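A lone chain, given as C-alpha cells: the form solved without (3E)-2,6-dioxo-6-phenylhex-3-enoate (HPK).
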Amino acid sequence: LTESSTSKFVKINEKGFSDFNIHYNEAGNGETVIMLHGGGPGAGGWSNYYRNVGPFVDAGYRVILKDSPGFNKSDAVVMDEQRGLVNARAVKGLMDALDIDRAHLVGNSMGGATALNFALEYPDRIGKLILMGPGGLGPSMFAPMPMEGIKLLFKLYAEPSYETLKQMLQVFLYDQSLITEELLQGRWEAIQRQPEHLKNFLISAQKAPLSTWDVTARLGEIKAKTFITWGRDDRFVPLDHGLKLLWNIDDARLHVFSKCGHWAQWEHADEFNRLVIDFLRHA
C-alpha cells in the first residue's frame, strides 16, 4: 500500500466554493474515517497519517487522508476567515461529492481545528470526534505563545529551506533521531512543488490572525463523542489545552503519551492506532 497508489482527486462545491479540487489518499471499505492534517509547511493527509492508514484499514475501515484546501496536491486558496471554518466547509464538501452520510474525524492540530469546526456546523454529519493536539484554542495558562514550534512554523513559511525544515521537525519529535528520509523528503517536496501555498498561507494568517480560530465559548455545543490525545512533550500546541477540551466537551476523554512530541500519530503510531481503533470500535 502506497503513494502514488491510493492517490485520488475530486472537485467540490460547498458554501462559497466553485469548482475546487481536493487530492486525498483512500483505501478500504467500511465506516468512514477522515484524517485532517496539521497546518505547517508541506503537510498533507499522507505525510501526517502514513503510519496509521494501514492499521486502520487492516481493521475494517474506509480511510481517507484529506488534503485540506491550499495544501499539498490540492488547489491553492487565500482565506479571509479562520482556516478551521473554511477547511471544514471543505469537508462537508468532499463528503457530499463522494456521497458520504457520516464520517469519523481524526484531526491533527489545524486538522483538529477543522474537525471541531465541522462538529459545530455539521453536527449531524459527524460520527466520533478524535482530536490530536488540535490548534487554535486561545492562550495557554502556562505556555508563553507563540510557542517554539509555531515560531519555527512561521519561520519556515516565510523563508523556506531544507535546513530550517529539519530544525522544525526535530522540534516536532520528542526523540529526534527517529527522523527518517521518507518523512523529511516528502515534506521537502510539497514545499518545492507548491510554493504558492507558503505565500498564500501567510496572507491568510494576515487576514485571519491565528487568534481568530478560538472555538472555546462554543465548545459547550459539541454533541459528538470525543477522544483528546496529546504528546506530553508538545512544543507546538499546549498540553493544558487537552484539559480545556476535557472540561468543555460534554463527552470527552483525555489521553497523553509520554516521550512524544506534537505528532502522537506518527511518533506513537502503535499505541495511537490501538487507542483510536479501539475508541472507534467500542466507545
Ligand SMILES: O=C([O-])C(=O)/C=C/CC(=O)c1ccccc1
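Throughout, we count residues from 1 along the sequence that is shown.
The next section is about a form of this same protein that is not shown, the form solved in complex with (3E)-2,6-dioxo-6-phenylhex-3-enoate (HPK).
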Legend entry - Contact stretch among 225-233, 35-43, 250-258, 53-61 - heavy atom within 4.5 Å of (3E)-2,6-dioxo-6-phenylhex-3-enoate (HPK) in the deposited bound form: 35-43
Inset, instruction - Have a look at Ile191, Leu183, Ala205, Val86 for me and say which one sits with a heavy atom within 4.5 Å of (3E)-2,6-dioxo-6-phenylhex-3-enoate (HPK) in the deposited bound form. - result: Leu183
Inset, instruction - Could you work out which of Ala158, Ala143, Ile179, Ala76 is the residue within 4.5 angstroms of (3E)-2,6-dioxo-6-phenylhex-3-enoate (HPK) in the deposited bound form, going by heavy atoms? - result: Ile179
Legend entry - (3E)-2,6-dioxo-6-phenylhex-3-enoate (HPK) in the deposited bound form reached by all of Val91, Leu105 and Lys128, non-hydrogen atom within 4.5 Å: no
Legend entry - Non-hydrogen atom contact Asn48 with (3E)-2,6-dioxo-6-phenylhex-3-enoate (HPK) in the deposited bound form at 4.5 angstroms: yes
Inset, instruction - Would you please decide whether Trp263 lies within 4.5 angstroms of (3E)-2,6-dioxo-6-phenylhex-3-enoate (HPK) in the deposited bound form, comparing each non-hydrogen atom pair? - result: yes
Legend entry - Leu173, heavy atom within 4.5 angstroms of (3E)-2,6-dioxo-6-phenylhex-3-enoate (HPK) in the deposited bound form: yes
Inset, instruction - Give a yes or no for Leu169: in the deposited bound form, does one of its heavy atoms lie within 4.5 Å of a heavy atom belonging to (3E)-2,6-dioxo-6-phenylhex-3-enoate (HPK)? - result: yes
